[PDB]
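Student: Attaching a single structure in structure tokens format; questions to follow.
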Amino acid sequence: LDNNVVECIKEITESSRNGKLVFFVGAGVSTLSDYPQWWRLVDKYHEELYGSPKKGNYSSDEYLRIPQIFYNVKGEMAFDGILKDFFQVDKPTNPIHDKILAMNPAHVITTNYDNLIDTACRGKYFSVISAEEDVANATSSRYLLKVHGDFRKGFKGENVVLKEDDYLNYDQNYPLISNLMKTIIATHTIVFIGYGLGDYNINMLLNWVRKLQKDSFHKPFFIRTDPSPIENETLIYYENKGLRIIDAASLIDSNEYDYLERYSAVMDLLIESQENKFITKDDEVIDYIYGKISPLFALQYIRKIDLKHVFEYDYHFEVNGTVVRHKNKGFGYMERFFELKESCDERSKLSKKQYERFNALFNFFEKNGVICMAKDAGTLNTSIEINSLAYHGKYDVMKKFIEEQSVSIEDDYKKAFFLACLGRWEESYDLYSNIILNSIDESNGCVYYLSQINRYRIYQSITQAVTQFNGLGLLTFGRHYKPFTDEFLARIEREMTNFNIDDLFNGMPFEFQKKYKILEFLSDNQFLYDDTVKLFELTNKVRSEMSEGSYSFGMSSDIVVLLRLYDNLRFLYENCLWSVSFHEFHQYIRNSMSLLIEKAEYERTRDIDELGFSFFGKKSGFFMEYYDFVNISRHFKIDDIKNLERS
Amino acid sequence: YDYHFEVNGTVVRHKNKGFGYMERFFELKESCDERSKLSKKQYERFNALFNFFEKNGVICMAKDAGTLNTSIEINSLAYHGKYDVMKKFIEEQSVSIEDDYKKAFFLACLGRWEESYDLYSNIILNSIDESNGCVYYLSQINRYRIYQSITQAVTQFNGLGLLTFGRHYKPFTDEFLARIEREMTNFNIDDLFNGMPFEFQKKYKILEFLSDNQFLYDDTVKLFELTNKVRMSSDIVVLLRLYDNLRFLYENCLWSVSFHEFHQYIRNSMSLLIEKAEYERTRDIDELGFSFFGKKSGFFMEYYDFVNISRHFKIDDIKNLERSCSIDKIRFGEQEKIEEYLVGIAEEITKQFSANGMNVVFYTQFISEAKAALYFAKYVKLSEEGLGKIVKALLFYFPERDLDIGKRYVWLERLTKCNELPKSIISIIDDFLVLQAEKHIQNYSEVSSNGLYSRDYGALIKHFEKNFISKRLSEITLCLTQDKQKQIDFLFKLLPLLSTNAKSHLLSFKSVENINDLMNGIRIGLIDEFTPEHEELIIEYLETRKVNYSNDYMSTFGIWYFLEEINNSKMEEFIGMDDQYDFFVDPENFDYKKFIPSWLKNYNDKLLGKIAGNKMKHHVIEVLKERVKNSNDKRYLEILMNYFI
Amino acid sequence: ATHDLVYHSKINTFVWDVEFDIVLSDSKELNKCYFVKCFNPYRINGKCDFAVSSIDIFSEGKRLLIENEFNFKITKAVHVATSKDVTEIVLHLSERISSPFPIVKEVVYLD
């Protein structure tokens, strides 16, 4: 297809996915369902007025003048009588209505006075506005704007806009509806349908648009469905007027008198194109992957388990470092990326910017630990490491760091986290508040969200500690001195009296809600749900293998748990989050380490591998390194270690 | 967040900085003179509020606690499995919208998913007006869940392989299918709530979580409090939380109760609760005393716990729970309602088998519950008629594609652990054995999974009643001729249940003519006696083997002589060929250095008891002590555990 | 291909997806078949019984009666996953253990 058509379809798909798509339904769509047209009504009026009709005398202004003459001469009763005679019948819905509703439009603007679009919503709730009083009394935030006053209240001629008198005083009689339509056009992305290029409404819209600034609005999309393909001069002239035309007869060949097929072809292409990604060459795939991944560059480390949420369940990212296709119906972009990785010659097939983007993607993916696909996987081995002084507990080093002078916002974030781990929670809250206030100048906002989460967690911890101290202060302390000031607590209570953590993510800009989708899990216990359940299941397996006396000579099933454990720790200790100070995390770490130690002890002793299977099955072994000792010391109690030593 | 409602039924003030309205309301509820202080309509409002609060089990504050009953009652027919009642209730013409909602939920539960989808579409069409948008929202959610379940069932079930049938009995035709995809081409469930009227979003905020993919993360995370090893508690509050979630999800007729996440949550919670109870019991007996607490665990289990275990647990999970968290030392609660549940499910399965109306979508869901319930019924004691009914249902009308003869035998043996065998179910087993005998008349051979067959049943019968003779099988085998070969083998497999005349009729066919023929006869134990002719045959076999000087055959005769089955000292002269032969022929002169305790792993209970009572004892006890001190194996530990000390 | 095998110490054998082309004595050829073991310590019968576990041989998926079980001439063992000759593994793992049936396809526990 044409490049410009592809670009227009891509923009329409993006607008629909973002929820900013509105449809301007014309009168041809209603005609498709054999609804009576206006020329039939004007012919009936002409027959009633004079006595005989004539085809020659029928222009654009005649359609608006003849009903006006009929109203002025015959009166009002006859006008509504004819309208009721020709408009009382009811007609079935059209497949085009269902196709256009399946595109998920935010609002629907129509200039019809019918109910076919109304009855098409299938199970969707839309607020109908057709009079002036209905604008204020809307029940929802989704608008079905019938501009010309449908027949809901009756069949009288005063509720519609048909004659020349109603057209002339339209702006005076209907200010709110016109203003609402204008602002809806201004904000959302609007696609016309079922309209002739010479229609009165389109010309009025173009005339109004010409008053605006050059770059203060987006160009509305138009769909043309006529038997004759559009001429070059007309297309250029209408494009220069600020309206982007998509032709239908040009794409699909059909006869003169067929109308449903062009509409259906265009709408089917629009519906199919949304889930399809138009990537064919290496440049497009690399650009798409960069667009998906680059927002994650702000964070130091990302865990592999939730990476599948970025790609919308299109690829299962195994914990060990392999990826598996799950629901990628379209092109296998991961396959192409790994093929580009495995061959250095094809790296010359991209431009310099694409080459540097590929280099950055290589750096990021190697840092996160993604290696290759399951088929290409061999005997890969992965080590672990942590780059935070807080984890290692070098307290003098962090004290010296906090003595240093701040140089940037991220450095202040690191200082705040390090100081919070130092127990000086008042200064930690003060520094977090200063960071939030000073982070107004930003381009991403991730630091703001993380600092707000940390501030809320610190407030909760302070409240819990001040409540809990009095309980044990009588016996294990005796002194009963609260290390806090009432002024600080009062200010804390006043400041956090209305901060709702549930809807903090919903209030963030749409860009943040689209890019940083995973970070939502940090607002609650959800980010611990995807791991804990797995652990439980694995436990129910391992003990089942322990009581039956079975010795598997292959890979040990506990490895997954270990990897996940370390993964979580890294993601919670390299991004400087306060969630590492909770109780659920401590319990989870204790359970994981206990299961690992029990499995290692059980597999330490063997019967047949020593004498019968000594020629193979040697890979069994459990090193206990510095990280395991740190994890045990941090997240264990005396009784738990006593139970471990007993068992 | 002004008040926190503790699940025992109490309220506490945490984050309210204004007037204590809840305290005033409960003060009005307490006293009676405060009435007539309201302008009529407020009295009606207070009456309605009091009724609603009493229905939901909210009573007083924390300071006014007067002990809590915490009785849990679920009044939904779908939970108790009263399938006939709901099937009858579906037929009657509806009156109100909520009646159609309940009918649609019942249809979805029963497996008629096309009718449920149509009913949900009709409901969402009709109930678009009014201020009762809650029904519209719930119907939307249920319709989406039904569509997801239909697609998942088609993808996993339709295609992808199935050995139960050649074709899937058309799980929804291609007319009903490929139409939902048109109606749900780009359906999005995340924006369903946001598109609602602002009054709906203001009022029914608490329903928002129904539109999320995962809505049970908080309880799963909070389950971690049950694995603490540190010495109301946590188990009680966890149990009421589970009960509350179950009641809310079932009473409101929500389909999300039939998904994987809910089943996983129930399994995890129940398993953790049982493990914690067992650990607490074992620590209590370890640290204080043996029988001070009445040798009874504190986890008294009742109707609802049994229902949840039967419905939400697979066979493997129940097996793991039994293996690691032995239940025989904790008693059951209600028995009449459990027996009613068991007889009802037996009636349901017999109706499903008899009427041939096997809805595959419903059958797949129902058979797992049936299997789990019949497996777990071992710990419950039942009446005579109920036991007979369930035994008849399990043996007769249970589908063959799921339980073979061996699995059915395992289920039956587990059933009669604490109920024994009266005459009625013995006669039922006889009707099965004769029925099997008939099915035998042909190119038909029985297929089993664990390697157990019909003869085991007879053995069990002969174990529980040694003076039984079946007239029907005797008459069947009396007219039996020698043209057939497989059926006569079946009768030899069931030899001891036949009358004397039938015994002679079959014994004539028995003809020892070769040592391998003797082996074949003794595998099924046809020749229980040891005639001198058989002894001479064994003598010549051993002589040929000795003069001849792979597999092992001498072991059987070694066991037989060590079991005093051979009352003749003849084979003592055959030594020097293999170790165990001399071990079980000459225990005094056997060289114990060549001994390997691996043989102890293939010795049954009777042989182990026999060798335990013979003095040989200290040599084997020493070598197995060395084995256990070298490697900590459970088999040697158990062998020392129950027999040799 | 050695990752799938598992050693069971309750009955002291091995479980591994494998298929046996055993040959019976007296020039009797048997096609591909596999072993099945069941562990049942709670037996009912007495006197004549001398074992605790039941061993069956399944041929092409249908049971076969045993008349003379003395086919101690190895087998053309193949790992049916990708059709790998693992006969060497079986033959030099058999004599290292005293179990008459070192390799069993699946085992079943009836404890």
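Ligands are numbered from 1 in the order shown, chains are lettered A, B, ... in the order of the structure tokens, and residues start at 1 in each chain.
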Output as a ChimeraX atom specification the set of chain A residues within 6 Å of chain C, with distances taken over only C-alpha atoms.
Tutor: /A:549-552,554,612
Student: Keeping N, CA, C and O atoms, export the residues of the selection given above as a tab-separated table (two decimals), in the first residue's frame.
Tutor:
chain	number	residue	atom	x	y	z
A	549	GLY	N	12.33	-40.47	48.92
A	549	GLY	CA	13.70	-40.93	48.74
A	549	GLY	C	14.15	-41.00	47.30
A	549	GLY	O	14.78	-41.99	46.90
A	550	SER	N	13.86	-39.98	46.50
A	550	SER	CA	14.25	-39.93	45.10
A	550	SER	C	15.39	-38.94	44.93
A	550	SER	O	15.35	-37.83	45.47
A	551	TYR	N	16.42	-39.35	44.19
A	551	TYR	CA	17.60	-38.52	43.93
A	551	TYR	C	17.67	-38.25	42.43
A	551	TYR	O	18.14	-39.10	41.66
A	552	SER	N	17.22	-37.07	42.02
A	552	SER	CA	17.34	-36.68	40.62
A	552	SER	C	18.79	-36.33	40.31
A	552	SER	O	19.43	-35.57	41.05
A	554	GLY	N	19.86	-34.80	37.53
A	554	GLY	CA	19.93	-33.67	36.64
A	554	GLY	C	19.99	-32.35	37.37
A	554	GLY	O	20.51	-32.26	38.49
A	612	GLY	N	27.16	-47.01	42.76
A	612	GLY	CA	26.55	-47.50	41.54
A	612	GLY	C	26.62	-46.51	40.39
A	612	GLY	O	26.99	-46.87	39.27
Student: Excluding same-chain residues fewer than 5 positions from residue 146 in chain B, what lies within 9 Å of it counting only C-alpha atoms, as a VMD selection string?
Tutor: chain B and resid 108 113 116 to 117 141 151 255
Student: Based on only C-alpha atoms, which of the residues in chain B come within 7 Å of chain A? I want them as an mmCIF file with N, CA and C atoms, in the first residue's frame.
Tutor:
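Dumped everything to part09.cif:
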data_model
loop_
_atom_site.group_PDB
_atom_site.id
_atom_site.type_symbol
_atom_site.label_atom_id
_atom_site.label_comp_id
_atom_site.auth_asym_id
_atom_site.auth_seq_id
_atom_site.Cartn_x
_atom_site.Cartn_y
_atom_site.Cartn_z
ATOM 1 N N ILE B 124 -27.960 -8.130 29.863
ATOM 2 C CA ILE B 124 -27.286 -6.860 29.608
ATOM 3 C C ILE B 124 -28.095 -6.012 28.634
ATOM 4 N N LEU B 125 -28.848 -6.645 27.729
ATOM 5 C CA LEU B 125 -29.752 -5.886 26.871
ATOM 6 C C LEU B 125 -30.874 -5.247 27.682
ATOM 7 N N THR B 185 -14.425 -8.655 19.529
ATOM 8 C CA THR B 185 -13.251 -8.459 18.682
ATOM 9 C C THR B 185 -12.160 -7.687 19.414
ATOM 10 N N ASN B 186 -12.535 -6.611 20.103
ATOM 11 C CA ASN B 186 -11.575 -5.785 20.828
ATOM 12 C C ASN B 186 -12.130 -5.389 22.186
ATOM 13 N N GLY B 195 -15.957 3.837 32.352
ATOM 14 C CA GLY B 195 -17.025 4.302 31.493
ATOM 15 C C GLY B 195 -18.392 4.357 32.132
ATOM 16 N N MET B 196 -18.503 3.954 33.392
ATOM 17 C CA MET B 196 -19.772 3.932 34.096
ATOM 18 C C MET B 196 -20.192 5.342 34.505
ATOM 19 N N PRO B 197 -21.478 5.543 34.801
ATOM 20 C CA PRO B 197 -21.922 6.855 35.290
ATOM 21 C C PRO B 197 -21.227 7.229 36.591
ATOM 22 N N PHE B 198 -21.080 8.541 36.805
ATOM 23 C CA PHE B 198 -20.302 9.020 37.943
ATOM 24 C C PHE B 198 -20.920 8.614 39.278
ATOM 25 N N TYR B 217 -4.073 -11.116 45.737
ATOM 26 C CA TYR B 217 -2.668 -11.067 46.120
ATOM 27 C C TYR B 217 -2.486 -10.796 47.608
ATOM 28 N N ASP B 218 -3.385 -10.017 48.213
ATOM 29 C CA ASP B 218 -3.220 -9.639 49.613
ATOM 30 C C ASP B 218 -3.300 -10.854 50.528
ATOM 31 N N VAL B 221 -0.234 -13.156 50.056
ATOM 32 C CA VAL B 221 0.936 -12.603 50.730
ATOM 33 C C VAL B 221 0.808 -12.754 52.243
ATOM 34 N N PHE B 224 1.834 -15.807 54.667
ATOM 35 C CA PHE B 224 3.171 -16.047 55.199
ATOM 36 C C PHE B 224 3.212 -16.064 56.721
ATOM 37 N N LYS B 229 8.059 -19.887 63.007
ATOM 38 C CA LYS B 229 8.460 -20.905 63.968
ATOM 39 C C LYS B 229 8.627 -20.349 65.376
ATOM 40 N N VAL B 230 8.232 -19.101 65.603
ATOM 41 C CA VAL B 230 8.347 -18.486 66.920
ATOM 42 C C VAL B 230 7.237 -19.010 67.821
ATOM 43 N N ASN B 320 -0.036 -35.633 48.962
ATOM 44 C CA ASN B 320 1.059 -34.943 49.639
ATOM 45 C C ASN B 320 0.654 -34.516 51.045
ATOM 46 N N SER B 631 24.674 -43.924 55.425
ATOM 47 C CA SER B 631 23.699 -43.146 54.674
ATOM 48 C C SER B 631 22.368 -43.145 55.411
#
Student: Once you count only C-alpha atoms, which residues of chain C turn out to be within 8 Å of chain B? Could you give them as a short mmCIF file (atom, residue, chain, number, x, y, z; two decimals) with N, CA, C and O atoms, in the first residue's frame?
Tutor:
data_model
loop_
_atom_site.label_atom_id
_atom_site.label_comp_id
_atom_site.auth_asym_id
_atom_site.auth_seq_id
_atom_site.Cartn_x
_atom_site.Cartn_y
_atom_site.Cartn_z
N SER C 9 15.13 -44.93 45.90
CA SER C 9 15.76 -45.69 46.96
C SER C 9 14.77 -46.47 47.82
O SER C 9 15.20 -47.32 48.61
N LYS C 10 13.47 -46.20 47.69
CA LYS C 10 12.48 -46.99 48.43
C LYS C 10 12.49 -48.44 47.97
O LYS C 10 12.41 -49.37 48.78
N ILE C 11 12.60 -48.66 46.66
CA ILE C 11 12.76 -49.99 46.08
C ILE C 11 14.10 -50.18 45.39
O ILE C 11 14.36 -51.26 44.84
N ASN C 12 14.96 -49.16 45.40
CA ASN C 12 16.35 -49.27 44.95
C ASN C 12 16.44 -49.66 43.47
O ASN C 12 17.09 -50.64 43.10
N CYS C 38 5.38 -51.79 40.61
CA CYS C 38 4.44 -51.28 41.60
C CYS C 38 4.88 -51.74 42.98
O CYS C 38 5.19 -52.91 43.18
N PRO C 41 3.49 -52.56 49.95
CA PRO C 41 3.93 -53.24 51.17
C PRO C 41 2.80 -53.86 51.97
O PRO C 41 3.07 -54.75 52.79
N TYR C 42 1.56 -53.43 51.76
CA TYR C 42 0.41 -53.95 52.50
C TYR C 42 -0.31 -54.98 51.64
O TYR C 42 -1.35 -54.72 51.04
N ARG C 43 0.27 -56.17 51.57
CA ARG C 43 -0.33 -57.27 50.84
C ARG C 43 -1.27 -58.07 51.73
O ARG C 43 -1.14 -58.08 52.96
N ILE C 44 -2.24 -58.73 51.10
CA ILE C 44 -3.25 -59.49 51.80
C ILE C 44 -2.93 -60.98 51.82
O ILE C 44 -3.07 -61.64 52.85
N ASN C 45 -2.48 -61.52 50.69
CA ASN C 45 -2.25 -62.96 50.57
C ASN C 45 -1.08 -63.39 51.47
O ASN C 45 -0.35 -62.58 52.03
N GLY C 46 -0.93 -64.71 51.58
CA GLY C 46 0.11 -65.28 52.42
C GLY C 46 0.62 -66.62 51.94
O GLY C 46 0.27 -67.07 50.85
N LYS C 47 1.46 -67.26 52.76
CA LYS C 47 2.00 -68.59 52.50
C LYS C 47 2.90 -68.61 51.26
O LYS C 47 4.13 -68.70 51.38
N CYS C 48 2.30 -68.53 50.07
CA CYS C 48 3.06 -68.69 48.84
C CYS C 48 3.77 -67.42 48.40
O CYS C 48 4.76 -67.50 47.67
N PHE C 50 6.22 -64.28 48.24
CA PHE C 50 7.61 -64.15 48.69
C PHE C 50 8.22 -62.80 48.36
O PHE C 50 9.42 -62.62 48.56
N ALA C 51 7.44 -61.85 47.86
CA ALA C 51 7.96 -60.55 47.44
C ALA C 51 7.04 -59.45 47.94
O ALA C 51 5.99 -59.70 48.54
N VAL C 52 7.45 -58.21 47.69
CA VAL C 52 6.67 -57.04 48.07
C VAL C 52 6.20 -56.22 46.88
O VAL C 52 5.12 -55.61 46.95
N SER C 53 6.93 -56.23 45.76
CA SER C 53 6.60 -55.42 44.60
C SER C 53 6.18 -56.31 43.44
O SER C 53 6.55 -57.49 43.37
N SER C 54 5.40 -55.73 42.54
CA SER C 54 4.90 -56.42 41.35
C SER C 54 5.55 -55.82 40.11
O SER C 54 5.54 -54.60 39.93
N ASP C 56 5.66 -55.95 35.94
CA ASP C 56 4.98 -56.34 34.72
C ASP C 56 5.78 -55.86 33.51
O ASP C 56 6.54 -54.89 33.59
N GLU C 67 5.55 -67.00 30.73
CA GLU C 67 5.68 -68.46 30.75
C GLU C 67 7.07 -68.91 31.20
O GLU C 67 7.18 -69.82 32.03
N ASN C 68 8.12 -68.30 30.66
CA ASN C 68 9.49 -68.63 31.06
C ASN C 68 10.31 -67.34 30.97
O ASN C 68 10.77 -66.97 29.89
N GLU C 69 10.49 -66.68 32.12
CA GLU C 69 11.18 -65.40 32.18
C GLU C 69 12.65 -65.64 32.49
O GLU C 69 13.07 -65.63 33.65
N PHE C 70 13.44 -65.87 31.44
CA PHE C 70 14.88 -66.06 31.58
C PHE C 70 15.63 -65.33 30.47
O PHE C 70 16.70 -65.79 30.04
N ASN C 71 15.10 -64.21 29.99
CA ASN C 71 15.68 -63.48 28.87
C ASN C 71 16.74 -62.50 29.39
O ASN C 71 16.59 -61.28 29.34
N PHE C 72 17.83 -63.07 29.88
CA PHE C 72 18.96 -62.27 30.38
C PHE C 72 20.03 -62.12 29.30
O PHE C 72 21.19 -62.49 29.46
N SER C 98 22.21 -55.09 42.39
CA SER C 98 21.69 -56.43 42.62
C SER C 98 20.22 -56.58 42.27
O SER C 98 19.69 -57.69 42.35
N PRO C 100 17.01 -57.31 40.22
CA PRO C 100 16.79 -58.06 38.97
C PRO C 100 16.29 -57.20 37.83
O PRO C 100 16.47 -57.58 36.66
N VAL C 108 4.94 -47.02 40.73
CA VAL C 108 3.70 -46.61 41.38
C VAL C 108 3.79 -46.97 42.86
O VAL C 108 4.15 -48.10 43.20
#
Student: Can you work out the spacing between CA of residue 494 in chain B and CA of residue 454 in chain B in Å, to one decimal?
Tutor: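 Those two atoms sit 8.3 Å apart.
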Student: Could you pull the residues within 10 Å of residue 68 in chain B, counting only C-alpha atoms, minus those fewer than 3 positions along the same chain, as a VMD selection string?
Tutor: chain B and resid 8 to 10 59 65 71
Student: Kindly export the residues of the current selection with C-alpha atoms, as an mmCIF file, in the first residue's frame.
Tutor:
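In the end it all went to again_20.cif:
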data_model
loop_
_atom_site.group_PDB
_atom_site.id
_atom_site.type_symbol
_atom_site.label_atom_id
_atom_site.label_comp_id
_atom_site.auth_asym_id
_atom_site.auth_seq_id
_atom_site.Cartn_x
_atom_site.Cartn_y
_atom_site.Cartn_z
ATOM 1 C CA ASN B 8 -14.629 -11.547 64.644
ATOM 2 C CA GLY B 9 -17.369 -8.958 64.112
ATOM 3 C CA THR B 10 -15.969 -5.870 65.812
ATOM 4 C CA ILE B 59 -22.252 -6.688 66.409
ATOM 5 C CA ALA B 65 -16.765 -7.966 73.045
ATOM 6 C CA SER B 71 -20.794 -19.319 62.832
#
Student: Would you list, as a VMD selection string, the residues of range 368-574 of chain A that end up in strand (DSSP E or B) under DSSP run on this structure's backbone?
Tutor: chain A and resid 372 to 373 550 to 552
Student: So which residues touch residue 621 in chain B within 9 Å, counting only C-alpha atoms, skipping near sequence neighbours fewer than 6 positions away, as a PDB file with C-alpha atoms, in the first residue's frame?
Tutor:
ATOM      1  CA  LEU B 640      14.871 -51.180  62.185  1.00  0.00           C
ATOM      2  CA  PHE B 644      13.990 -55.518  64.580  1.00  0.00           C
ATOM      3  CA  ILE B 645      13.825 -53.496  67.820  1.00  0.00           C
TER       4      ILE B 645
END
Student: Write out as a PyMOL selection string each polymer residue whose atoms come within 6 Å of range 160-164 of chain A, counting only C-alpha atoms; drop sequence neighbours fewer than 3 positions from it.
Tutor: chain A and resi 64-65+67-68+148-149+157+167
Student: Keeping only N, CA, C and O atoms, write the selected residues to a file as a short mmCIF file (atom, residue, chain, number, x, y, z; two decimals), in the first residue's frame.
Tutor:
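result07.cif written:
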data_model
loop_
_atom_site.label_atom_id
_atom_site.label_comp_id
_atom_site.auth_asym_id
_atom_site.auth_seq_id
_atom_site.Cartn_x
_atom_site.Cartn_y
_atom_site.Cartn_z
N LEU A 64 -32.87 23.02 1.13
CA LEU A 64 -33.13 23.77 2.35
C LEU A 64 -34.23 24.81 2.18
O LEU A 64 -34.78 25.27 3.19
N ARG A 65 -34.56 25.19 0.95
CA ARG A 65 -35.57 26.21 0.72
C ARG A 65 -36.98 25.64 0.59
O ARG A 65 -37.92 26.20 1.15
N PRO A 67 -38.55 22.90 1.89
CA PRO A 67 -39.22 22.68 3.18
C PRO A 67 -39.56 23.97 3.91
O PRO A 67 -40.59 24.04 4.58
N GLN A 68 -38.72 25.00 3.79
CA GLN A 68 -39.03 26.28 4.41
C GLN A 68 -40.28 26.90 3.80
O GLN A 68 -41.13 27.44 4.53
N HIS A 148 -27.88 17.29 15.42
CA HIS A 148 -29.08 17.84 14.80
C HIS A 148 -30.37 17.35 15.46
O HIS A 148 -31.42 17.31 14.80
N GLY A 149 -30.34 16.99 16.74
CA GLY A 149 -31.57 16.84 17.48
C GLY A 149 -32.46 15.67 17.10
O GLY A 149 -33.50 15.88 16.46
N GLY A 157 -41.35 19.03 14.24
CA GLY A 157 -40.28 19.64 13.47
C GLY A 157 -39.41 20.62 14.23
O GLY A 157 -38.41 21.08 13.68
N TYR A 167 -31.14 26.22 9.95
CA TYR A 167 -29.73 26.28 9.58
C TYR A 167 -29.15 27.67 9.83
O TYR A 167 -27.99 27.79 10.24
#
Student: Could you jot down the CA of residue 145 in chain A to CA of residue 220 in chain A separation for me, Å, one decimal place?
Tutor: 17.6 Å
Student: So that I can check the surroundings of range 355-363 of chain B, please list as a PDB file with N, CA and C atoms, in the first residue's frame every protein, DNA and RNA residue that reaches within 9 Å of it, counting only C-alpha atoms and ignoring chain neighbours fewer than 5 positions away.
Tutor:
ATOM      1  N   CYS B 109     -22.751 -22.868  35.947  1.00  0.00           N
ATOM      2  CA  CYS B 109     -22.224 -23.904  36.828  1.00  0.00           C
ATOM      3  C   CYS B 109     -22.499 -25.297  36.273  1.00  0.00           C
ATOM      4  N   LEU B 110     -23.682 -25.503  35.690  1.00  0.00           N
ATOM      5  CA  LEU B 110     -24.060 -26.820  35.193  1.00  0.00           C
ATOM      6  C   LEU B 110     -23.399 -27.181  33.869  1.00  0.00           C
ATOM      7  N   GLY B 111     -22.711 -26.245  33.220  1.00  0.00           N
ATOM      8  CA  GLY B 111     -21.978 -26.520  32.007  1.00  0.00           C
ATOM      9  C   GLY B 111     -22.642 -26.049  30.730  1.00  0.00           C
ATOM     10  N   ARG B 112     -23.929 -25.704  30.775  1.00  0.00           N
ATOM     11  CA  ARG B 112     -24.633 -25.200  29.594  1.00  0.00           C
ATOM     12  C   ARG B 112     -24.173 -23.768  29.343  1.00  0.00           C
ATOM     13  N   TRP B 113     -22.971 -23.649  28.775  1.00  0.00           N
ATOM     14  CA  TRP B 113     -22.333 -22.345  28.640  1.00  0.00           C
ATOM     15  C   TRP B 113     -22.942 -21.504  27.525  1.00  0.00           C
ATOM     16  N   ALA B 153     -11.229 -23.414  27.281  1.00  0.00           N
ATOM     17  CA  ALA B 153     -11.653 -24.805  27.193  1.00  0.00           C
ATOM     18  C   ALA B 153     -11.546 -25.320  25.767  1.00  0.00           C
ATOM     19  N   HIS B 168     -14.447 -34.842  20.046  1.00  0.00           N
ATOM     20  CA  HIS B 168     -14.723 -34.196  21.316  1.00  0.00           C
ATOM     21  C   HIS B 168     -16.203 -34.042  21.606  1.00  0.00           C
ATOM     22  N   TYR B 169     -17.062 -34.714  20.845  1.00  0.00           N
ATOM     23  CA  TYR B 169     -18.512 -34.617  20.999  1.00  0.00           C
ATOM     24  C   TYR B 169     -18.999 -33.196  20.726  1.00  0.00           C
ATOM     25  N   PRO B 171     -17.662 -29.733  21.223  1.00  0.00           N
ATOM     26  CA  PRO B 171     -17.770 -28.742  22.301  1.00  0.00           C
ATOM     27  C   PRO B 171     -18.125 -27.367  21.761  1.00  0.00           C
ATOM     28  N   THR B 350     -24.364 -41.453  39.409  1.00  0.00           N
ATOM     29  CA  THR B 350     -25.151 -42.539  38.833  1.00  0.00           C
ATOM     30  C   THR B 350     -26.193 -42.014  37.848  1.00  0.00           C
ATOM     31  N   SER B 368     -13.333 -34.619  38.793  1.00  0.00           N
ATOM     32  CA  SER B 368     -12.265 -34.354  39.752  1.00  0.00           C
ATOM     33  C   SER B 368     -12.818 -34.226  41.166  1.00  0.00           C
TER      34      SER B 368
END
Student: May I have all residues of range 458-581 of chain B that DSSP, computed from the backbone, assigns to alpha helix (DSSP H), given as a ChimeraX atom specification?
Tutor: /B:458-464,471-478,486-493,500-509,515-523,532-548,554-562,579-581
Student: I'd like the contact shell of residue 471 in chain B - 12 Å cut-off, only C-alpha atoms, skipping same-chain residues fewer than 3 positions apart - returned as a VMD selection string.
Tutor: chain B and resid 427 430 to 431 434 468 474 to 478 497 to 502
